[PDB]
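part one of the complex, left exactly where it sits:
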Amino acid sequence: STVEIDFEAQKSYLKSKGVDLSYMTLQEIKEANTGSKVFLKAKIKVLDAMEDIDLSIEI
Amino acid sequence: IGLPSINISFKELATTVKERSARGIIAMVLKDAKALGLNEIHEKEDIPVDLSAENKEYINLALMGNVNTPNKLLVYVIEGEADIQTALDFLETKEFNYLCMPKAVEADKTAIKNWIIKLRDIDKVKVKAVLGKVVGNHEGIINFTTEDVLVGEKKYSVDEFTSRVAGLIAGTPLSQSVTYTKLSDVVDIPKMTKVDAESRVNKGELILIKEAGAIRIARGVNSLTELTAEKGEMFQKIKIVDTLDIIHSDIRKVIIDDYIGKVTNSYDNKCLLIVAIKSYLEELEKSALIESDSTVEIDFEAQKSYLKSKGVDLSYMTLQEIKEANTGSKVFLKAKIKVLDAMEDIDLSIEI
Amino acid sequence: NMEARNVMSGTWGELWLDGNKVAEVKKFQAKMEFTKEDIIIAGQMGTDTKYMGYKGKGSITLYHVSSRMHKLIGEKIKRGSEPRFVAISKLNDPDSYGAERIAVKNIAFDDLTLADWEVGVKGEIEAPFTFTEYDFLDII
């Protein structure tokens, strides 16, 4: 499972504030200040329990 | 989503289907009024229902196969009163190994032979055709001359059984050869003598024969009969041509995918390409398809001849200078490999 | 025939690792060490040897400019899969007779440097490895 900075959301927020995105490195966008907001994202996987069983028998 | 399902079913034992194969694509051309266009068949059960029973039996013969069933079968169907060249033009795009047409007249056979030879010699695509009665002198085409074969009380003509022959060839692993492989489904063939069969094999035909209490392929040769200084006898075997075509296809694939129009033509990139080809050959050697100690190297003589043709002053030039000289957009290479053949003749002298 | 100008200088060295050119390389080295066994033969005072094989050893040193080795091997090394690479070394001195270009194959690295820094010191990374095969291109 992973946790990381949500880059697309941060870029959209910075664009909404009206700052210029041209001539800016990726690290500059990633580390840019966003007032008091924080953007994050993650990924997990959850398993399920046995509930249906199909058995085929050849006699 | 409903209630939890716990079902136990009882049923009778089912026959085990023959194992699939990783290689071998056959292209089939058929004439029927419905289900026109290209069709795909991975499993014998999946056949278009509206097709005629005779075409279905042809497809079943193709899917019979050998120790493994052929990887997949491409079926192209046309209504009728349609030129074979339209099917050929469509089939140029697709990829396949062997092609057969059960219902070819001599004109169709000539057209298919010319198409195959043009693809192999000009289009640089290595494909093969199994034809009934063609005297072509090319390693691409295989001439199967055996008439009136009985398969379960039904008579199949010489053009009709090419489907079974192509399926048998496609189902053979690369290690083995089709020499002396027996057909359990065939029950009888017309009588032939040893001398006649030997002369037919000498003329470049693949035939059926009765031997060791069964019916089996006499020999696995193609139709090439005229040998030049550089061609040689090794080119008359199906297995050798098959492995050579696989090598050609793989090398052309990697070369086109990674280097044509992709990188500048510098000496370093030539060395990188040499390394890639050598690594592929090493993998092939590990797989035991070819013998060890294969080499890949810059072709010095061809590059020197090209530079001379371009008119540059070759005098007062060191060997390294010529080796690393710019050559426009051309690359010259050469290699050396070795391939083996299977056992086919044995002499045992016994002293009593 | 032997002149001091013909001694090859290491400044004219170039390296390709996994098909990509490295520009921060500082030194490259690869060697084969033979395995020998001592054998004493009756009637002979001097001891002889029998040759068994070899082990390939080498190392790379480069300036710390980018995280090249992390992306090469880290996650796979955790997951349990060990990758193998091919390196190409070239040495072409203008005042020498010719060039020398050797390809080293089946390379397996010995470690992965995560962090190494000291205040007032520039960055450097050393990476030892082992190999099994090699090929000759452009010998002298």
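Done, it's in. Residues are numbered from 1 along each chain as shown, chains lettered A, B, ... in the order given.

Flag every residue of chain C that's near chain B.
C:16, C:19, C:86, C:88, C:90, C:98-99, C:101, C:103, C:105, C:135, C:137-138 (C-beta under 8 Å from any C-beta of the partner chain). Using the backbone N, CA and C atoms, a C-beta is placed for each residue, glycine as well.

Report the spatially closest residue to residue 10, excluding sequence-adjacent ones.
Here I'm looking at chain A. residue A:39 (4.9 Å; C-beta to C-beta, 6 or more residues apart in numbering or on different chains).

wait, chain C
Residue C:10's closest residue in space is residue C:27 (C-beta to C-beta, 6+ apart), at 7.1 Å.

OK, contacts around the one you found?
When contacts are counted by C-beta atoms under 8 Å, 6 or more residues apart in numbering or on different chains, residue C:27 touches C:10, C:59-61.

mind checking the SS state of the residue nearest in space to the middle of chain A?
Per C-alpha atoms, centre = their mean, the C-alpha nearest to the average position across chain A is that of residue A:41, at 3.5 Å. Three-state call for residue A:41 (DSSP: H, G, I helix; E, B strand; the rest coil): strand.

throw chain D onto that model:
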Amino acid sequence: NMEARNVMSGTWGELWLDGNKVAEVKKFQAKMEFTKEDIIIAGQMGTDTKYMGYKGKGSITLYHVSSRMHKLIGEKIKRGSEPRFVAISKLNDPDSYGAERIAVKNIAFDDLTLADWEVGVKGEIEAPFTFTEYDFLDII
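The block that follows adds chain D to the chains above:
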């Protein structure tokens, strides 16, 4: 593309230990050493290897300003309970392409220096450790 300015300098390094910034740090290092086993194969002259795992090693050096390690581990180590920590190392040189920020996890220290002083010498502390995990952030 390679210029001399792009080499990262150790003076631009920072370290967080247990979530607290340490400003007296002198150098930081972290290391994974692969375990390898020789395997000889019939018919082959070159000896190959099998990858078995790794051991994580590292060290910290810092100026003697306060009692950090004492408070971190002393009483607990005496009692018989061994703590584990997380370190975060950052390397951000303005002349380089970007930053590097790696987190090292499951750190267990190797010793505890109680006192070390000599007349006419400034105080320093070296602390080795072991670790088993890490994560990549801000990889160049």
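
quick one on the thing from earlier: state the distance from the residue nearest to the centre of chain A to residue A:2.
Counting by C-beta to C-beta, to the nearest Å, the gap from residue A:41 to residue A:2 is 9 Å.

What of residue C:79?
Taking C-beta to C-beta, one finds residue C:79 at 14 Å from residue A:2.

Can you get me a residue count around residue 24?
Here I'm looking at chain A. 13 (other C-beta atoms under 10 Å in any protein chain shown).

The chain in question should be chain C.
19.

same deal with residue C:77?
With other C-beta under 10 Å as criterion, residue C:77 counts 19.

With just CA atoms, put stretch C:50-70 into CSV.
The C-alpha trace of stretch C:50-70 is given here as CSV (Å, rounded to 0.1, in the frame of the first residue of the first chain):
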residue,chain,number,x,y,z
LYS,C,50,45.9,-27.1,-12.3
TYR,C,51,43.4,-24.6,-13.6
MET,C,52,39.8,-24.7,-12.5
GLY,C,53,37.9,-21.6,-13.6
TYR,C,54,37.6,-18.0,-12.8
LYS,C,55,35.5,-15.4,-10.9
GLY,C,56,34.7,-12.0,-12.4
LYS,C,57,35.1,-9.0,-10.2
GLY,C,58,34.8,-5.3,-10.8
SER,C,59,33.5,-2.0,-9.6
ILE,C,60,32.2,1.4,-10.8
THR,C,61,32.8,4.8,-9.3
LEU,C,62,30.8,7.9,-10.3
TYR,C,63,29.9,11.4,-9.1
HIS,C,64,26.7,11.7,-7.2
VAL,C,65,24.5,13.5,-9.7
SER,C,66,21.3,11.5,-10.0
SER,C,67,19.7,8.5,-8.4
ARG,C,68,20.6,6.0,-11.2
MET,C,69,21.3,2.9,-9.0
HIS,C,70,18.1,3.3,-6.9
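
here's chain E, drop it on:
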Amino acid sequence: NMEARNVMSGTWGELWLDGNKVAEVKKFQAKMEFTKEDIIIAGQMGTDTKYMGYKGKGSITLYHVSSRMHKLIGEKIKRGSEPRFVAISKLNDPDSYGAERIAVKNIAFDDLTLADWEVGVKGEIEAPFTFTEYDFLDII
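Adding chain E to the chains above:
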């Protein structure tokens, strides 16, 4: 917050041995070295460790002014009785945040220097030891 003035200097160090102040002390050092055991866990590539205990090691260096160590341990060492001592170390730099005062207990020395002189050289004595316990006074 971190200034070069705050680094503690060893000239401001004092030592008490067996309740008496030593004035010729040159350097004092005491450390605890942990004992670890490697443990391999199925399914994990990184090797972990188990903490089992520690050993206390240290040493004292002082100018040769008086026969302090002879009177401390000689006759008892012959007779078969090994004495144990308590040492107090203090470090108070005027430009530091505070002082550091540790007591080392259950000290057993490693040897007793009878004579060591060379013409044209001043006298010095080094005395390694081992300990088991310690206590914290005036931490920073």
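
can you check the neighbour count of residue A:24 again with chain E included?
Neighbours of residue A:24 (other C-beta under 10 Å): 13.

Tell me which residue of the chain is furthest from the middle?
All of this refers to chain A. Most peripheral residue of chain A (C-alpha atoms, centre = their mean): residue A:59, 52.2 Å.

actually it's chain C I care about, not the one you picked
residue C:43 (42.9 Å).

Tell me the secondary structure at it.
Residue C:43 is classified as coil under three-state DSSP.

can you check residue C:76 too?
helix.

What count of nearby residues applies to it?
Count around residue C:76 with other C-beta under 10 Å applied: 11.

Can you name the residue of chain C nearest to chain B?
Nearest residue of chain C to chain B: residue C:98, at 4.8 Å (C-beta to the nearest C-beta).

Quickly note the distance from that residue to residue C:134.
19 Å.

re earlier: OK, contacts around the residue nearest to the centre of chain A?
The contact partners of residue A:41, by C-beta under 8 Å, 6+ apart, come to A:3-6, A:9.

ok, residue A:25 - contacts?
By C-beta under 8 Å, 6+ apart, the neighbours of residue A:25 are residue D:98.

give me that answer again for 10 Å
Contacts of residue A:25 were listed using C-beta atoms under 10 Å, 6 or more residues apart in numbering or on different chains, and they are A:31, D:97-98.
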